[PDB]
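Q: Starting from these lines, generate the structure:
(2 chains)
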Amino acid sequence: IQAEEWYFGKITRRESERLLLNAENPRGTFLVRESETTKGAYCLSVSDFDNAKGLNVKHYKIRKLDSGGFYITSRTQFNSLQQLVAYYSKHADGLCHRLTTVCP
Amino acid sequence: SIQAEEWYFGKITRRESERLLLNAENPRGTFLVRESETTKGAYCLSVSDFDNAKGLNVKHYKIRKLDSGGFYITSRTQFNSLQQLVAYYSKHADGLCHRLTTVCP
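A: Residues are numbered from 1 along each chain as shown, chains lettered A, B, ... in the order given. Below is the structure:
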């Protein structure tokens, strides 16, 4: 996974908001990094825009089932992280926006 | 002028540096210096490394600028230029994952 373009490893929540919040990035720009807060979990950080708050980043915890798979909600589970990224690029399913560009 | 240094890569992102450095053709210790995207005014030394478990990986060390003039990564040694910092760590790792060997192509 270290060689996945979208995996940024151990950056913090505040580093990921600085990397993403760029007023020249499309809505849905994202990255996957490790959760600082929950050992063993990952986190999908996604840039969003709404009228009021403007540009902001949403963070979604990704948990790993002990049998192996990954999930953000009870709707779908994925046998790998790349399957999760691939799925949410085509279907937002509760996320603020489908995933569009990897963080530059 | 640092703009023209072989090892200086300006404003490339954290992601681009890793894309440059994670490559089978690079020795452990391949590096580049760039601006930090996350801390303005700071630079960053990115270094390719290899460990048996994770294979090829990149480590990133922030380089802080003393307002008085120097540059540092640790309290052990400070430097008056980035050329000096790059030269020193090419001779001694001193906490880095590996001595700097190859300038990133």
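Q: Which strand or helix spans residue A:44?
A: Here residue A:44, judged by DSSP states H and E, is contained in strand A:42-50.
Q: Tell me who's in contact with the residue lying closest to residue A:44 once chain neighbours are set aside.
A: In this structure, residue A:44 finds its nearest non-sequential neighbour in residue A:60, 4.6 Å apart by C-beta to C-beta, 6 or more residues apart in numbering or on different chains. C-beta here means a position set from N, CA and C on the backbone, and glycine is covered the same way. With contact taken as C-beta atoms under 8 Å, 6 or more residues apart in numbering or on different chains, residue A:60 is in contact with A:43-46, A:72, A:95.
Q: Name the surrounding residues that touch the strand holding residue A:44.
A: In contact with strand A:42-50 (C-beta under 8 Å, 6+ apart) are residues A:13, A:16-17, A:20-22, A:25-35, A:55-62, A:64, A:70, A:72, A:81, A:84-85, A:88, A:95-97, A:99.
Q: For residue A:74, grab the count of nearby residues.
A: Neighbourhood size, residue A:74 [other C-beta atoms under 10 Å in any protein chain shown]: 6.
Q: Quick check: it vs chain B, distance?
A: 32 Å (C-beta to the nearest C-beta, to the nearest Å).
Q: for residue A:85, same thing?
A: The gap separating residue A:85 from chain B is 15 Å, by C-beta to the nearest C-beta.
Q: Return the list of helices and strands in contact with the longest helix belonging to chain A.
A: In chain A, taking DSSP state H as the definition, the longest helix is helix A:81-90. Applying 3 or more C-beta pairs under 8 Å, 6 or more residues apart in numbering or on different chains; DSSP states H and E, we find helix A:81-90 packed against strand A:42-50, strand A:70-71.
Q: want to try JSON lines for the ones you listed, with mean neighbour count as columns?
A: Putting the helices and strands packed on helix A:81-90 into JSON lines (neighbours: other C-beta atoms under 10 Å in any protein chain shown) gives the following:
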{"stretch": "strand A:42-50", "mean neighbour count": "20"}
{"stretch": "strand A:70-71", "mean neighbour count": "18"}
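Q: got the residues of chain A near chain B?
A: Taking C-beta under 8 Å from any C-beta of the partner chain as the contact definition, chain A meets chain B at A:2-3, A:5, A:8, A:11, A:15, A:18-19, A:102-104.
Q: Out of those, which sit inside helices?
A: Short answer: the residues of chain A next to chain B in helices (DSSP H) are A:15, A:18-19.
Q: With adjacent residues omitted, what lies nearest to residue A:81?
A: In space, and not counting its chain neighbours, residue A:81 is closest to residue A:70: 5.7 Å by C-beta to C-beta, 6+ apart.
Q: so what's residue A:63 up against?
A: Applying C-beta under 8 Å, 6+ apart to residue A:63 gives the contacts A:38, A:41, A:70-71.
Q: next one: residue A:12
A: Contact analysis of residue A:12 by C-beta under 8 Å, 6+ apart lists residue A:36.
Q: could you redo the last one with a cut-off of 10 Å?
A: A:18, A:33-34, A:36, B:38 (C-beta atoms under 10 Å, 6 or more residues apart in numbering or on different chains).
Q: picking up where we left off before, nearest to chain B, of the contacts of residue A:60?
A: Closest to chain B out of those is residue A:45 (13.6 Å), distances taken as C-beta to the nearest C-beta.
Q: what sits opposite the residue nearest in space to the middle of chain A in the beta ladder?
A: With distances taken as C-alpha atoms, centre = their mean, residue A:44 lies nearest the centre of chain A, 1.8 Å away. Per DSSP bridges, residues listed as beta-bridge partners of residue A:44: residue A:32, residue A:60.
Q: That'll do, ta.
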